[PDB]
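Asker: Structure, please.
(chains A, B, C, D and E, ligands or ions: 2)
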Amino acid sequence: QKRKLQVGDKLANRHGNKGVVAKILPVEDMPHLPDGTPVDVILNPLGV
Amino acid sequence: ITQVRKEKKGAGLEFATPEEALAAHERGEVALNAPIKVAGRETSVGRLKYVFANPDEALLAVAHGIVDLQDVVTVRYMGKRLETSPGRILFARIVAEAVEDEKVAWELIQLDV
Amino acid sequence: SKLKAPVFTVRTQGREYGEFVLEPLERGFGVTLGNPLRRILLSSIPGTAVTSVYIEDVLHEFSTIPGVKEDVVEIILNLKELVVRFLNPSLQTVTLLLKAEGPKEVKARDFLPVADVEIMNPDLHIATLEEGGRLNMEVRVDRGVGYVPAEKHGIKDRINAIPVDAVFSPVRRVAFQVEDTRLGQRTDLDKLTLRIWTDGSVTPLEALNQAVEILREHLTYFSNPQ
Amino acid sequence: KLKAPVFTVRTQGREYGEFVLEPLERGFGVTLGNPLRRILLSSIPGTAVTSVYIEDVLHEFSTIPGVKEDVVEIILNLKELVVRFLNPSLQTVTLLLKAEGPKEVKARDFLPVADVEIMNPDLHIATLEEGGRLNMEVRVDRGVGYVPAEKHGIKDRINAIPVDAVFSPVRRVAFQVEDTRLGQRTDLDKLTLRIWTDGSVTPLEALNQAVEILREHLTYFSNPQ
Amino acid sequence: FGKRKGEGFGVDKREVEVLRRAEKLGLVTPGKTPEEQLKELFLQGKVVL
Ligand SMILES: [Mg+2]
Ligand SMILES: [Mg+2]
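Answerer: Residues are numbered from 1 along each chain as shown, chains lettered A, B, ... in the order given. Ligands and ions are numbered 1, 2, ... in the order given. Take a look at the structure below.
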């Protein structure tokens, strides 16, 4: 099976910040740069 | 939204009339939320410049960008002339509408913190 | 595969509040429609407001009048609550004269009637006069949109006239909500509820119709390239 | 008050365009730009690969003799294929590719089809080694949004492989608001829309379709109940 | 940002508002041009979003 990222899948970086995907947004809903580039992942600053 | 902004551009500076303080703010001498004294009372430009008749007017000014939620202004609410920020007034409306009782919600919150 | 046209349901009580629901909508179109309408509703609906006040024997806004409980600021605050509707489309600016003697509780109805000028809230309280107090006012009402602070327009008809913040917008508050809804096997659909508060000069339905028409007119501007 | 704003169009080929709408009242830079950007990024119809059949291949988890890339990588390359339908009534086309090694098969190696144009002929598809052959039947459909293969599940043949379809021809949308002035008022907005597309649909066409979608949605606030 | 200048685009109205709040938070130096203040935010790893 070819598994795509879905809600409930666990993501983590190398610094111990881990979490499950709780929401998958369409591209037009994501925060974007003034040049129009949307971000890919939104992390809560309260985890730092 | 409930914390109020504090400025230091013209803090501690004294004027003689409320119009003089507003004129200094136009030239950039004093900031909007800088603590100042008009005659003998500690106030700020925002409290004098922006006197809103109701929370709706204060939040309409926020929607139009005249003031931020954290700027201290004058708002007439509950029949009282409050020297508060629109965000603190906005928090009061959140409680008032959630409990569907404006007078009880007023007694439930601490507005000035 | 295109979605069926949504149903526009209205829940309007009185002349100052109304709820409007549009469903079902494609994913993200509740936000796509709600935000532009809210920005137009709060800044573009034509309305009237008090932009200048003249009171006899008053020099500055931060003073008081001997013979009335309310100081100048409180009356100015009460005047910003005044809702007036012009009955003549060509009419642009009127002045309302108020001459009351104490002991009286001055209301909005005490203003002198002007042709093609209607006071929507004649029960609005203006000032409370004690015996011996004379109150003379000449308030200037303009036509405009949105919110204009007194300093950013500075309109004075005569000397000693006090500019007042102009609440031109008849809409008092806009709150729109987007909820997840479904139609059969489709689950990412949007349900948009628009709640509009108005001062009563226009209906919340009329405010929505004007806001939609304004957005429609701006969409026609993307024509005739260069 | 303000008259009709002047609409200026600047296009760089078929893939980039700038659209300037000035002067505008305060706040209509965002009021117009964002709804169009959301519609441009989400609801603009286009074409995408929905299914691929390769001879002697049963599923996408296999390799082809004489072919460097596995079927997963070939499908990934096919997801970047940009196909322009010159006929508005064309809804489905099948592109045939028959290649023999040694060659670097590109998007230009598909057989020509009437009213069908490949916008990126230099797109690399597979690397053929000597003795390797690639006989593919790539189906291109017309649609909107992002439809994963698990949803549509289109298979024209028994061993056809459904492909996740990204139909949106719009790659990126940005809009810019400048401080323009007219007369004695200086709080006016200058709105500039920047649209990047894949070339099958031009930025001007995408903008017109986005405006029509918003205009149609505005008619839904009629017939109150 | 230099690519933006060549394309014929200045500073966004929205960026100006964020820069105005940024100096009230002490994140940018008052009195500098919007380009310089945007660079100051960038050196802190922050952009107008
Ligand atoms: Mg004032
Ligand atoms: Mg594509």
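Asker: now the strands for chain A?
Answerer: Assigned by DSSP state E, chain A shows strands spanning A:10-12, A:18-20.
Asker: typed the wrong thing, it's chain B
Answerer: In chain B, the strands defined using DSSP E lie at B:36-37, B:42-43, B:51-52, B:73-77, B:80-84.
Asker: export those to a markdown table and tack on distance to chain E and mean neighbour count?
Answerer: To be clear about C-beta, it is placed using only N, CA and C from the backbone, and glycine gets the same treatment. Formatted as a markdown table, these follow (distance: least, C-beta to the nearest C-beta, whole Å; neighbours: other C-beta atoms under 10 Å in any protein chain shown):
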| stretch | distance to chain E | mean neighbour count |
| --- | --- | --- |
| strand B:36-37 | 17 | 18 |
| strand B:42-43 | 20 | 14 |
| strand B:51-52 | 21 | 24 |
| strand B:73-77 | 16 | 23 |
| strand B:80-84 | 19 | 16 |
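Asker: Among those strands, single out whichever gets nearest to chain A.
Answerer: strand B:80-84 (27.3 Å; C-beta to the nearest C-beta).
Asker: Summarise which helices and strands that closest one is packed against.
Answerer: Judged by 3 or more C-beta pairs under 8 Å, 6 or more residues apart in numbering or on different chains; DSSP states H and E, strand B:80-84 is in contact with strand B:73-77.
Asker: Can you classify residue E:30 as helix, strand or coil?
Answerer: Using DSSP: H, G, I helix; E, B strand; the rest coil, the structure places residue E:30 in coil.
Asker: Please tell me I have it right and it contacts residue E:22.
Answerer: No. If you go by C-beta atoms under 8 Å, residue E:30 and residue E:22 don't touch, sitting 10.0 Å apart.
Asker: most centrally placed residue in chain A?
Answerer: With distances taken as C-alpha atoms, centre = their mean, chain A has residue A:41 as the residue nearest its mean C-alpha position (2.8 Å).
Asker: mind listing what it touches?
Answerer: residue A:11 (C-beta atoms under 8 Å, 6 or more residues apart in numbering or on different chains).
Asker: do you know how far it is from chain E?
Answerer: 13 Å (C-beta to the nearest C-beta, to the nearest Å).
Asker: Now do that residue against residue C:28, distance only.
Answerer: 19 Å (C-beta to C-beta, to the nearest Å).
Asker: and what of residue C:207?
Answerer: 24 Å.
Asker: So for the two, which residue has more residues nearby?
Answerer: residue C:207 (26 against 21; other C-beta atoms under 10 Å in any protein chain shown).
Asker: In the helix or strand harbouring the more buried one, which of the residues would be classed as buried?
Answerer: When elements are defined using DSSP states H and E, residue C:207 is found to belong to helix C:204-219. Buried residues in helix C:204-219, counted by 16 or more other C-beta atoms under 10 Å in any protein chain shown: C:204-208, C:210-212, C:214-215, C:218-219.
Asker: How far away from the center of its chain is whichever helix in chain B runs longest?
Answerer: Longest helix of chain B, by residue count under DSSP state H: helix B:86-99. Remark: helix B:86-99 is offset 15 Å from the chain centroid, using C-alpha atoms, centre = their mean, to the nearest Å.
Asker: is it up against chain C anywhere?
Answerer: No. Counting by C-beta under 8 Å from any C-beta of the partner chain, no contacts exist between helix B:86-99 and chain C, the nearest distance being 9.5 Å.
Asker: Okay, buried residues for that helix please.
Answerer: In helix B:86-99, counting by 16+ other C-beta under 10 Å, buried: B:86-93, B:96.
Asker: For the closest residue to chain E within chain B, which non-adjacent residue is closest in space?
Answerer: Of all residues in chain B, the one sitting closest to chain E is residue B:5 (6.4 Å; C-beta to the nearest C-beta). Residue nearest to residue B:5 in three dimensions, not counting chain neighbours: residue B:70, with 4.3 Å by C-beta to C-beta, 6 or more residues apart in numbering or on different chains.
Asker: Can you pick out the residue with more neighbours from residue E:30 and residue E:22?
Answerer: residue E:22 (21 against 11).
Asker: sec struct for the more buried one, please.
Answerer: Three-state assignment for residue E:22 (three-state DSSP): helix.
Asker: ok, now residue C:118?
Answerer: Per three-state DSSP, residue C:118 ends up strand.
Asker: Could you point out the bridge partners of it in the sheet?
Answerer: Taking DSSP bridges as the rule, residue C:118 bridges to residue C:85.
Asker: my guess is it contacts residue C:83, does it?
Answerer: No. Counting by C-beta under 8 Å, residue C:118 does not reach residue C:83; the two are 9.5 Å apart.
Asker: So for those two, which sits in the more crowded spot?
Answerer: residue C:83 (21 against 13).
Asker: which residues touch the more buried one?
Answerer: Residue C:83 neighbours (C-beta under 8 Å, 6+ apart): C:119-121, C:124, C:170, C:199-201.
Asker: just those now: which is nearest residue B:79?
Answerer: residue C:124 (14.5 Å; C-beta to C-beta).
Asker: Count residues in the vicinity of residue 20, would you?
Answerer: You didn't say which chain, so I picked chain A. By the criterion of other C-beta under 10 Å, residue A:20 has 11 neighbours.
Asker: Chain E was what I was after
Answerer: Neighbours of residue E:20 under the rule other C-beta under 10 Å: 14.
Asker: Compute the distance between the residue nearest to residue C:88 when sequence neighbours are not counted and residue C:144, please.
Answerer: Counting by C-beta to C-beta, 6+ apart, residue C:88 lies nearest to residue C:116, which is 3.9 Å off, once chain neighbours are set aside. In this view, residue C:116 and residue C:144 are 18 Å apart by C-beta to C-beta.
Asker: So between the two, which is more surrounded?
Answerer: Neighbour totals were compared for residue C:116 and residue C:144, and residue C:144 leads with 18 against 12 (other C-beta under 10 Å).
Asker: quick one: contacts for the closest residue to the more buried one other than its chain neighbours?
Answerer: Nearest residue to residue C:144, sequence neighbours excluded (C-beta to C-beta, 6+ apart): residue C:168, at 3.9 Å. Listed by C-beta under 8 Å, 6+ apart, the contact set of residue C:168 reads C:46-49, C:142-148.
Asker: Which strand residues bridge the residue nearest the centre of chain B?
Answerer: Nearest residue to the geometric centre of chain B (C-alpha atoms, centre = their mean): residue B:73, 1.8 Å. Beta-bridge partners recorded for residue B:73 (DSSP bridges): residue B:84.
Asker: looking at it, it is touching residue B:88, isn't it?
Answerer: No. Using C-beta under 8 Å, residue B:73 is not in contact with residue B:88, being 10.1 Å away.
Asker: What count of nearby residues applies to residue 23?
Answerer: Going with chain A. Neighbours of residue A:23 (other C-beta under 10 Å): 7.
Asker: let's do chain E instead
Answerer: Residue E:23: 15 neighbours (other C-beta under 10 Å).
Asker: Skip the chain neighbours and tell me the closest residue to it.
Answerer: residue E:30 (5.0 Å).
Asker: quick one: that neighbour and residue C:94, what's the gap?
Answerer: Residue E:30 is 44 Å from residue C:94, by C-beta to C-beta.
Asker: what's the answer for residue C:78, then?
Answerer: 18 Å.
Asker: distance of the residue of chain B closest to chain E from chain D?
Answerer: 24 Å.
Asker: Hmm, that residue is touching residue B:33, no?
Answerer: Yes. Under the criterion of C-beta under 8 Å, residue B:5 lies in contact with residue B:33, with a separation of 5.0 Å.
Asker: mind checking the backbone torsions on residue C:225?
Answerer: The phi/psi pair for residue C:225 (degrees, to the nearest 10) reads phi -60, psi 140.
Asker: check which helix or strand covers the residue most central in space within chain E.
Answerer: The centroid of chain E falls nearest to residue E:38 when counting by C-alpha atoms, centre = their mean (2.4 Å). Secondary structure assignment for residue E:38, by DSSP H and E: helix E:34-43.
Asker: No more questions from me, cheers.
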